[PDB]
Amino acid sequence: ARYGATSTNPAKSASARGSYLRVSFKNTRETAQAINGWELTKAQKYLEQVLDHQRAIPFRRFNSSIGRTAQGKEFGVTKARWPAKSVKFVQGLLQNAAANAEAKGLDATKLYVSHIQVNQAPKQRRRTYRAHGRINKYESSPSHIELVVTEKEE
Amino acid sequence: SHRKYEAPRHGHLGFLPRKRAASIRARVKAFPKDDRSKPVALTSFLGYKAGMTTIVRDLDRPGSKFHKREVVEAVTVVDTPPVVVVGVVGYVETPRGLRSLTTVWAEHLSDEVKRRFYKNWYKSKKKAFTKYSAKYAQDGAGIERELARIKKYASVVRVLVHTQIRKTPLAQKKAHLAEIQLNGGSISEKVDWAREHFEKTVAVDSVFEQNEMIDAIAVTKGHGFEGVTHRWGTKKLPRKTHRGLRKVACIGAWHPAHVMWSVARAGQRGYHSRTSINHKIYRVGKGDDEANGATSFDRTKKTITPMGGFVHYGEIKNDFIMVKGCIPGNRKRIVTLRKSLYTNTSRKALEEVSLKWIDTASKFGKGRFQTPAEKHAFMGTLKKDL
RNA sequence: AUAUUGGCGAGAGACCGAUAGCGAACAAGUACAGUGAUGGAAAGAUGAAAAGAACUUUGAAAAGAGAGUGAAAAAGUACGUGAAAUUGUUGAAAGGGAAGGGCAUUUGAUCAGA
RNA sequence: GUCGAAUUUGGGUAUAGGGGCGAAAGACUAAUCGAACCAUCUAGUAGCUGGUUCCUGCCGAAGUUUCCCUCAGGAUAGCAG
RNA sequence: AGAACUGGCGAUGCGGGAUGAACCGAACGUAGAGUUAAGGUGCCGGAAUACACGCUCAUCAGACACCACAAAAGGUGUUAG
RNA sequence: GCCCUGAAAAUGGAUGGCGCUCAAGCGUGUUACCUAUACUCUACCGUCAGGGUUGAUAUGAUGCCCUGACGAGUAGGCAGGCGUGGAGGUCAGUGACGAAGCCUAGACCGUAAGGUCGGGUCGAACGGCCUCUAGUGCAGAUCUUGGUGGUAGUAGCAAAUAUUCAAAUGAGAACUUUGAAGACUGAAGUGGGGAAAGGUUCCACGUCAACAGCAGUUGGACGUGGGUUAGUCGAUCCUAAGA
RNA sequence: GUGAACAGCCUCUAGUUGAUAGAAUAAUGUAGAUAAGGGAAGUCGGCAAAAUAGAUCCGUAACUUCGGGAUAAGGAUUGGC
RNA sequence: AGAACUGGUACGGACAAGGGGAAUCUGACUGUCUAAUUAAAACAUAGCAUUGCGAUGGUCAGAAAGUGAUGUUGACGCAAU
RNA sequence: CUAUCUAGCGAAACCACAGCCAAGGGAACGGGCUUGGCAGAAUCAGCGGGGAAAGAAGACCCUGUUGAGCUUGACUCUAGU
RNA sequence: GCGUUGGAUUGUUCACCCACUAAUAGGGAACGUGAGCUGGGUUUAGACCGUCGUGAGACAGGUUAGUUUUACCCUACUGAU
RNA sequence: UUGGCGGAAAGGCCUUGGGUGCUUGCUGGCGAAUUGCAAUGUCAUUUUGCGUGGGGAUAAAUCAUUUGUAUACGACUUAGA
Ligand SMILES: [K+]
Ligand SMILES: [Mg+2]
Ligand SMILES: [Mg+2]
Ligand SMILES: [Mg+2]
Ligand SMILES: [Mg+2]
Ligand SMILES: [Mg+2]
Ligand SMILES: [Mg+2]
Ligand SMILES: [Mg+2]
Ligand SMILES: [Mg+2]
Ligand SMILES: [Mg+2]
Ligand SMILES: [Mg+2]
Ligand SMILES: [Mg+2]
Ligand SMILES: [Mg+2]
Ligand SMILES: [Mg+2]
Ligand SMILES: [Mg+2]
Ligand SMILES: [Mg+2]
Ligand SMILES: [Mg+2]
Ligand SMILES: [Mg+2]
Ligand SMILES: [Mg+2]
Ligand SMILES: [Mg+2]
Ligand SMILES: [Mg+2]
Ligand SMILES: [Mg+2]
Ligand SMILES: [Mg+2]
Ligand SMILES: [Mg+2]
Ligand SMILES: [Mg+2]
Ligand SMILES: [Mg+2]
Ligand SMILES: [Mg+2]
Ligand SMILES: [Mg+2]
Ligand SMILES: [Mg+2]
Ligand SMILES: [Mg+2]
Ligand SMILES: [Mg+2]
Ligand SMILES: [Mg+2]
Ligand SMILES: [Mg+2]
Ligand SMILES: [Mg+2]
Ligand SMILES: [Mg+2]
Ligand SMILES: [Mg+2]
Ligand SMILES: [Mg+2]
Ligand SMILES: [Mg+2]
Ligand SMILES: [Mg+2]
Ligand SMILES: [Mg+2]
Ligand SMILES: [Mg+2]
Ligand SMILES: [Mg+2]
Ligand SMILES: [Mg+2]
Ligand SMILES: [Mg+2]
Ligand SMILES: [Mg+2]
Ligand SMILES: [Mg+2]
Ligand SMILES: [Mg+2]
Ligand SMILES: [Mg+2]
Ligand SMILES: [Mg+2]
Ligand SMILES: [Mg+2]
Ligand SMILES: [Mg+2]
Ligand SMILES: [Mg+2]
Ligand SMILES: [Mg+2]
Ligand SMILES: [Mg+2]
Ligand SMILES: [Mg+2]
Ligand SMILES: [Mg+2]
Ligand SMILES: [Mg+2]
Ligand SMILES: [Mg+2]
Ligand SMILES: [Mg+2]
Ligand SMILES: [Mg+2]
Ligand SMILES: [Mg+2]
Ligand SMILES: [Mg+2]
Ligand SMILES: [Mg+2]
Ligand SMILES: [Mg+2]
Ligand SMILES: [Mg+2]
Ligand SMILES: [Mg+2]
Ligand SMILES: [Mg+2]
Ligand SMILES: [Mg+2]
Ligand SMILES: [Mg+2]
Ligand SMILES: [Mg+2]
Ligand SMILES: [Mg+2]
Ligand SMILES: [Mg+2]
Ligand SMILES: [Mg+2]
Ligand SMILES: [Mg+2]
Ligand SMILES: [Mg+2]
Ligand SMILES: [Mg+2]
Ligand SMILES: [Mg+2]
Ligand SMILES: [Mg+2]
Ligand SMILES: [Mg+2]
Ligand SMILES: [Mg+2]
């Protein structure tokens, strides 16, 4: 419990989270922002399309010197990617949240991703060996991912 | 300190930036000066570069070592089917430049030019000009009103013509639309010429004549990213050079503490708009006319197409303009041929050429035969046939 | 009678309070490095009590969501509190080759006094 | 370059720091050599470089004299509290 | 580069000299009002496109000291002796 | 006198710029006007000085009050205060009904050091005042230790010819197993054994959190076990340089 | 097997198929190459590259310490049956 | 070793595999060194020459020794250049 | 084969704040200051003008009443003889 | 505005000559330009010589050998969204 | 409402006719207060959403696949009911 700041009704909302997930925090943040606020089924279809390379995740913050694609046109960007690992983790959490919403008795047809936040988990540290007998860090940047899906209301 | 050895600058600073042209069809940035006593006529034409071939002609140049002698010359064949007039544009002159006032289109447009207005034609509903075609509903009062506006104003009149690539062997299927300035008198009767030519074709034999010096406006062949050695022709650095030798060694002095715009740097090469002038028309041959490649000295019943077709283009079946030498752009590319902007009288212009022989051997290799008949006569009988 | 930074047994302190105090509050002269002489760390705190989360559900699983224990799970062992750098989400605001600042007022937000 | 002898190499053994060893380069002596490494004397000394942690109030300089193995320092008088 | 006297800068902000350690004015608690200094008043820019007598036309005009340079020699240019 | 020639330097550029021609230029004169932390007056702060007032309800005579002048400041000196750890005294001080700590573009007091309050979090001690004491105040020292960024999803993961198809297993297979194919080492081997060294890595079973700079169901990994059988092979014995 | 050959190249027994991959084929690299005519004009300097190359036969100079130089230089031939 | 025939005159057909000559400076040669910027003309070398010494000795060790290296040696030797 | 694009993985140097110019003045070569020119999000591949770019308390030079290696009838000693 | 060259010798700047040419002008840009190169010279450490010094050693005297590191950041520029 | 003119950015100007309101050209009748002695004392136009009626219209682009006249990636150029 104790998710990030949410402004929705907890009685019409269902949560999912995953901690210390060994997936790139930056890619996961971009993937999360890609579906932030979307309808649940639309976001899931979009993530499957991303895995199929039919649509892309627009990289908005962590995108220096990545590369350009035409599949960022629909998001008004030139820099988009297909972070399969991040997408798979986000689908796992989306499916978990959908299961929790089904258990709680929320309408799956009205579910949208009302909150999704990715922050940095503690780094897992390895070592890389550099010229002249040097040693540098080879750390992972894992992610805490959380999301809550809420029934849309009026 | 000074250069210690003078050399001319590498490259031309007036052809900057060496960027990709904004379109595949080069813009005619100037039309011939309007002489308002001549009949109304198109000042340029649209065609497609088919390829190059070879011709033989007797050189008529008194005082030359090759006077009254035979010269072999390279020529470019530009496939030029007639262009359809589909509209008229009026231009009023303003203290801020020329300005389009209004454009009057033809009532019926072919699918060729309608394709120009669609990125995805196959899945569109083809609604283009469907409400405009109602302007000709009963007598075309609204259309004649727009034409009257062009006559009351619009010191410059241009017609909208489009190619017919269905007549070329090109796979594009989407025509090229361009404005051609109408030279000739009485701006009012410029509009009259345009209106009576709506939905009508204008052939290149009514625009260009034999021996005329014309300008070819085309986008050059693209070559992508290029290094300074070939993009600008700078000297190759010695073989001993670390970090590479296809570079410019010093790209600037310490001051100004900036790279100057005039320093050769690696970037896009080709795909530039170029206007090359003074290309002499050697043939205005007609597509319906068999023996296009025949001359008064050759007389072989042969088309201008080389054996096996123009390489990467196909066969010529329309009117074609054969210009001396080479013109910008590669095969299959749209080119605009415009009349020369000045009166050239140099004995290089004003020369009347009569072709003696046109090379129609295969360009797909070391062509040996001008026609398939010659191949059969030389080879005799083969196992497959002949 | 005098000495005593070792040993044994005691009593204390205007001393230090886990980057301090011995190197060592802890399986510390340990782990580890060096051929060797030698060098030599880091590392304390759930809770009164494990009562350390039965059971259900989603997931291949890790886990999640519940349920529950507990005074508190804003104490879940990655455990007292939980700063800053740095970061995510949300909200607000501004943004023509920096940003930040001073004086004064407009505007928006917010607020004490009477 | 050399490649059948002033050859190349394993292991054993000997030589230890102002010492060894050197077909000699101040070369090598455990990534250390114009004097190895380790611990201690040792918190070595430094007229030299860097830093030196709260506020406000009042007063407020000197680069000049003489001497100094003195000239990037000090003593002395002056200026200041 | 070295001395004499003074005033400064250093150690000092403020107004002016666009800018600037030293020049000019003026030295400073926090505010208000008035008047000024040096410097300015076409616009940037607060303040007369003020008044008055003249001079100058420059195909490199000239436009306030420190200070950001210009000379000898020349011109029926023009003005006054 | 003014103007002109004399009068040539390098990125494009400077009466500050625009621009200015009976000037907005030059010489000169007369006024009006503008504005410094300067001058005049007033208020307030502090400092210094000269004074009044112990006769009372008068507990603050370093108190209260009157008057005048003054205020720049490095190095530096002095003074009055703020804050911290611990100490004696005192408030029979605060507190599990919530101490300390921490967060708080919320409020108040002080010129300031700082102090006080409200809200949230939190869980066991802490403060005001008189005085004592010091391991007592950080922005720097290529400061010490720890932690964290931008760089940056970036450089990069390119030597040793080379992989491919299907099936099985599995949640998941480019990488595991088997089959099929294509190759290579090409006997001075990428084969088969040993010496030094390592020490269990050998082998089986289970197994994938970490490691194998991709992956992993695989492993020299992780967990649990099994395994090294001598009169003849060595050591042991001999002596060598030497100790 | 070829070959003078433990060279290089290919293969049998045995072993491995292990080096992060997929897609494109810009510049500039790294490694490997080719190039008309000229032939060191390049450059400090033929650096780098090229040319020559095995074997058999012929032929071999100056100089010489009489041993060499020497594979001097310069030529010719080479397959299959 | 030779002959005939044969072919797009190819033929050490891949692989493998000297460029050569005329000279000058320098070190005779083979060999050796600055591991990690110097491979050399530097060091060494054989040859030559000089020096000390007949052992109660020369040269050189050790703090000292009833201690050592040369020396299991003897001038055709050892030691120092 | 890279680079480049992608999936996965994923550093470092460096970093006062940062990043458009001309001139001026200025510690006499400004990204910031003054006066001008100008100036429109977010970016990708290249590139080597600038950041007086990074790497290292300049190794040259001077100073220090700081050394060390070596030399010699320096000064002062000393093993040995 | 436009051009101002090919070479022999020399690290050279400079110079000098041959030759062509319209001409073979002079200069600046951190004596432009080394994360552009090269490294011939100078200017570490090796070595040789001549002069000098008793010597260690000295020499704008000569000679030979002698590691040329990093951009992926910002800007500038070249292209591209 | 009738006709005409204006294309430099026209987007406005002129004009015919009737209808209708006002007319301070002149003369009357009624009303105003208390906004308390002032307080812009709210009278303009600029965009946006929304609701009520009326009128009018009945597409494309991008991704994905494809082309190579293009190309590092984007981008460009093509094709596909
Ligand atoms: K030394
Ligand atoms: Mg970038
Ligand atoms: Mg890159
Ligand atoms: Mg490495
Ligand atoms: Mg190593
Ligand atoms: Mg020149
Ligand atoms: Mg060309
Ligand atoms: Mg090189
Ligand atoms: Mg051809
Ligand atoms: Mg703790
Ligand atoms: Mg609690
Ligand atoms: Mg905690
Ligand atoms: Mg923070
Ligand atoms: Mg910008
Ligand atoms: Mg030496
Ligand atoms: Mg060593
Ligand atoms: Mg000390
Ligand atoms: Mg010390
Ligand atoms: Mg004072
Ligand atoms: Mg000093
Ligand atoms: Mg000073
Ligand atoms: Mg002053
Ligand atoms: Mg000035
Ligand atoms: Mg005042
Ligand atoms: Mg004004
Ligand atoms: Mg004069
Ligand atoms: Mg003025
Ligand atoms: Mg005047
Ligand atoms: Mg007093
Ligand atoms: Mg003061
Ligand atoms: Mg203490
Ligand atoms: Mg509390
Ligand atoms: Mg407690
Ligand atoms: Mg202290
Ligand atoms: Mg600090
Ligand atoms: Mg400080
Ligand atoms: Mg630091
Ligand atoms: Mg640190
Ligand atoms: Mg990369
Ligand atoms: Mg690599
Ligand atoms: Mg490989
Ligand atoms: Mg297999
Ligand atoms: Mg091989
Ligand atoms: Mg093989
Ligand atoms: Mg095993
Ligand atoms: Mg891995
Ligand atoms: Mg894994
Ligand atoms: Mg095991
Ligand atoms: Mg035996
Ligand atoms: Mg044989
Ligand atoms: Mg050639
Ligand atoms: Mg040739
Ligand atoms: Mg030749
Ligand atoms: Mg030459
Ligand atoms: Mg040359
Ligand atoms: Mg030369
Ligand atoms: Mg070579
Ligand atoms: Mg020979
Ligand atoms: Mg010879
Ligand atoms: Mg030799
Ligand atoms: Mg070496
Ligand atoms: Mg070497
Ligand atoms: Mg010698
Ligand atoms: Mg500048
Ligand atoms: Mg200057
Ligand atoms: Mg700077
Ligand atoms: Mg400015
Ligand atoms: Mg680069
Ligand atoms: Mg640079
Ligand atoms: Mg220094
Ligand atoms: Mg130093
Ligand atoms: Mg001294
Ligand atoms: Mg000494
Ligand atoms: Mg220079
Ligand atoms: Mg440079
Ligand atoms: Mg360099
Ligand atoms: Mg240079
Ligand atoms: Mg050199
Ligand atoms: Mg040397
Ligand atoms: Mg001598």
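Numbered from 1 within each chain, the chains take letters A, B, ... in sequence-line order.
- Its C1'-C2'-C3'-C4' torsion being negative, the sugar of E:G45 is assigned to the south family.
- With both pairing distances under 3.5 Å, C:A45 is matched to nothing as a Watson-Crick or G-U wobble pair.
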Report all interatomic pairs (protein N or O, nucleotide N or O of nucleotides 73-76 of chain K) with separations under 3.5 Å.
unit_1	atom_1	unit_2	atom_2	d
K:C73	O2'	A:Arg68	O	2.3
K:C73	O2	A:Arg68	NE	2.7
K:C73	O2	A:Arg68	NH2	3.3
K:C73	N3	A:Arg68	NH2	2.8
K:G74	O6	B:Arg20	NH1	2.7
K:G74	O6	B:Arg20	NH2	2.8
K:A75	OP1	A:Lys73	NZ	2.6
K:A75	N3	B:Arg20	NH1	3.0
K:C76	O2'	B:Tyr271	OH	3.0

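- We find that OH of B:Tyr118 is positioned 15 Å from P of K:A81, with the value rounded to whole Å.
- F:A171 makes up no base pair with any nucleotide shown, lacking Watson-Crick or G-U wobble contacts both under 3.5 Å.
- Pair assignment for F:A43: E:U30, on the basis of Watson-Crick or G-U wobble contacts that are both within less than 3.5 Å.
- F:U185 and J:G40 are not base-paired, meeting neither the Watson-Crick nor the G-U wobble geometry with both donor-acceptor distances under 3.5 Å.
- The glycosidic torsion of F:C108 lies more than 90° away from 0, placing the base in the anti range.
- Within the 4.0 Å cut-off from OP1 or OP2 of K:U62, not a single side-chain nitrogen or oxygen of A:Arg55 is found.
- Separation of the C1' atoms belonging to I:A11 and I:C1 is 23 Å when rounded to the nearest angstrom.
- Nucleotides F:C211 and F:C184 are separated by 31 Å at their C1' atoms, to the nearest Å.
- Shown here, F:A212 forms a base pair with F:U218; the pair counts as Watson-Crick or G-U wobble because both key distances fall under 3.5 Å.
- Contact check, A:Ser64 against F:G153: a side-chain N or O comes under 4.0 Å of OP1 or OP2.
- When only modelled atom types and interatomic distance are considered, A:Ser19 and A:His144 share a side-chain donor-acceptor pair under 3.5 Å.
- Side-chain proximity of B:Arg231 to J:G79, I:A12, K:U62: nearest is J:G79.
- Comparing C:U89, C:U58, I:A12 by their nearest atom to the side chain of A:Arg61 picks out C:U89.
- Taking 3.5 Å as the upper bound for both contacts, F:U5 pairs with E:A73 in Watson-Crick or G-U wobble fashion.
- In this structure, I:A56 makes no Watson-Crick or G-U wobble pair, since no nucleotide meets both defining distances under 3.5 angstrom.
- Annotation: proximity of residues 249-270 of chain B to RNA chain G (heavy atom, distance under 4.0 Å) is found for B:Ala266, numbered in ascending order.
- When the side-chain hydrogen bond (donor to acceptor under 3.5 Å, both in side chains) test is applied to A:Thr78, no partner is found at least two apart in sequence or on another chain.
- Between B:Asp111 and B:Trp121, the closest side-chain pair of non-hydrogen atoms falls below 4.5 Å.
- A positive value of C1'-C2'-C3'-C4' puts the sugar of F:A212 in the north, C3'-endo-like family.
- Between J:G39 and D:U49, neither a Watson-Crick nor a G-U wobble pair is formed under the 3.5 Å criterion for both distances.
- Searching all strands for a Watson-Crick or G-U wobble partner of G:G37 with both distances below 3.5 Å returns nothing.
- Between F:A23 and K:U24 there is no Watson-Crick or G-U wobble pairing whose two distances both come in under 3.5 Å.
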Tabulate atom names and distances for all N/O pairs under 3.5 angstrom spanning the protein and nucleotides 74-80 of chain C.
unit_1	atom_1	unit_2	atom_2	d
C:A74	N7	A:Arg2	NH1	3.4

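- With its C1'-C2'-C3'-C4' torsion above zero, F:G127 shows a north sugar pucker.
- With rounding to whole Å, A:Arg17 atom CZ is found 10 Å from C:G66 atom P.
- Considering only the side chain of B:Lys174, K:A79 comes nearest among J:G28, K:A79, F:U154.
- At a threshold of 4.0 Å, the pair B:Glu112-B:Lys174 does not count as salt-bridged, since none of the basic side-chain nitrogens sits closer than that to a carboxylate oxygen.
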Tell me which donor-acceptor pairs under 3.5 Å the side chains of residues 235-257 of chain B have, and how far apart each pair is, sequence neighbours excluded?
unit_1	atom_1	unit_2	atom_2	d
B:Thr241	OG1	B:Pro238	O	2.5
B:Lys247	NZ	B:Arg243	O	2.7

Report summary line: Intra- and inter-strand pairing of RNA chain H, written as dot-bracket with Watson-Crick and G-U pairs under 3.5 Å and | for the latter, reads ....||(...)...................((.........)).....(((((....((((.....))))......)))))

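- Using a 90° window around 0 for the glycosidic torsion, H:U34 falls inside it and is classed as syn.
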Could you list the protein-to-nucleotides 148-150 of chain F atom pairs, N/O on both sides, closer than 3.5 Å?
unit_1	atom_1	unit_2	atom_2	d
F:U148	OP1	A:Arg125	NH2	2.8
F:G149	OP1	A:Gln120	NE2	3.2

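- Taking B:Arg231 as the reference, nothing meets the salt bridge (charged side-chain N to carboxylate O under 4.0 Å, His left out) condition, with sequence neighbours excluded.
- Considering only residues two or more places apart in sequence or on other chains, A:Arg125 meets the salt bridge (charged side-chain N to carboxylate O under 4.0 Å, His left out) condition with A:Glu139.
- Between the P atoms of F:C97 and F:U131, the separation comes to 38 Å (whole Å).
- Mapping heavy-atom proximity under 4.0 Å, the span of RNA chain G touched by chain B runs 5' to 3' from G:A26 to G:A48.
- Between D:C48 and I:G80, neither a Watson-Crick nor a G-U wobble pair is formed under the 3.5 Å criterion for both distances.
- Partners of B:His223 according to the side-chain contact (heavy atoms from CB on, under 4.5 Å) rule, which considers only residues two or more places apart in sequence or in another chain, are B:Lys221, B:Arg269.
- Across all strands, A:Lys88 comes closer than 4.0 Å to no nucleic acid atom at all (heavy-atom distances).
- Between C:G39 and C:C32 there is a base pair of the Watson-Crick or G-U wobble kind, both donor-acceptor distances falling below 3.5 Å.
- Closest to the A:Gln117 side chain, of the nucleotides K:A60, K:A72, C:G88, is C:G88.
- Pair assignment for F:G101 gives F:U121, based on Watson-Crick or G-U wobble hydrogen-bonding distances that are each under 3.5 Å.
- By the Watson-Crick or G-U wobble test, with both distances required under 3.5 Å, F:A187 and G:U65 do not count as a base pair.
- Annotated as syn: G:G67, whose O4'-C1'-N torsion sits within 90° of 0.
- F:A79 and D:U56 are base-paired: they meet the Watson-Crick or G-U wobble geometry, with both hydrogen-bonding distances under 3.5 Å.
- For B:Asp192 and B:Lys151, the salt-bridge test passes: some basic side-chain N is under 4.0 Å from an acidic carboxylate O.
- Atom name P, nucleotides J:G11 and G:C44: the rounded distance is 10 Å, in whole Å.
- Within 4.0 Å of A:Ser7, counting heavy atoms only, lies no atom of the nucleic acid at all.
- A gap of 16 Å separates the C1' atoms of C:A78 and C:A45, to the nearest Å.
- The same atom, P, is picked in I:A7 and in F:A215; the two are 15 Å apart, to the nearest Å.
- In this entry I:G50 has J:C74 as its Watson-Crick or G-U wobble partner, both defining distances falling under 3.5 Å.
- The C1'-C2'-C3'-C4' torsion of H:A40 is positive. Its sugar is therefore classed as north.
- Judged by the sign of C1'-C2'-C3'-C4', I:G73 carries a south-puckered sugar.
- Applying the side-chain hydrogen bond (donor to acceptor under 3.5 Å, both in side chains) test to B:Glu144 and every residue at least two apart in sequence or in another chain returns B:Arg195.
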